[PDB]
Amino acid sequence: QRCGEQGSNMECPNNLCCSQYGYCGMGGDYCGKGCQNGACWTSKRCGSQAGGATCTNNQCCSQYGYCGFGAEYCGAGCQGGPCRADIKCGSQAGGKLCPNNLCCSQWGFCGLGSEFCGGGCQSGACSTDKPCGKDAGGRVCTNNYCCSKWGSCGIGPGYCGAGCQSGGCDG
């Protein structure tokens, strides 16, 4: 029930702003100074301009390296987020990984839903629960996900914990 650093980076809903304290609301108290996510009065820096950084709340990183929504951010030159132009990926775009766990469709585009996450899904939050492990002819997940002791790709204690065969195994 806590956001930002004090909520393991949880994010408020409806772009509610997360104050410097880890509470959600709207207004200067939250959106003003120390804001850590949501609709912070001061756009956070992103993209090139800010060491490869991604925006929170699924924001489009404008060409200038500022986070937001609207033509200016999502529009031309956009560098991350639900960018107005199809973000490419997969074996089509040299192994490229969708940002923010998005699915790399069979076709080489980034998204979320059956069309992207479904059959053919190359990387990201594929819903095709494909197997890994000794169990899966020594195949490692994508996104450096954890191959749990049952040969399943995911992120968490059950996945990254004990019996973790490969991926980002808690060490």
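Quick note: we count residues from 1 along the sequence shown, nothing fancier.
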Selected stretch [higher average CA B-factor]: 139 to 147 or 111 to 119: 139 to 147
Between 149 to 157 and 12 to 20, the record assigns the higher mean Cα B factor to 149 to 157
Return the residue from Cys60, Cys35, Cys103, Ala50 that has the highest Cα B-factor in the entry. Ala50
For the C-alpha B-factor as written in the entry, point me to the maximum among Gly124, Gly65, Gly133, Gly70. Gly133
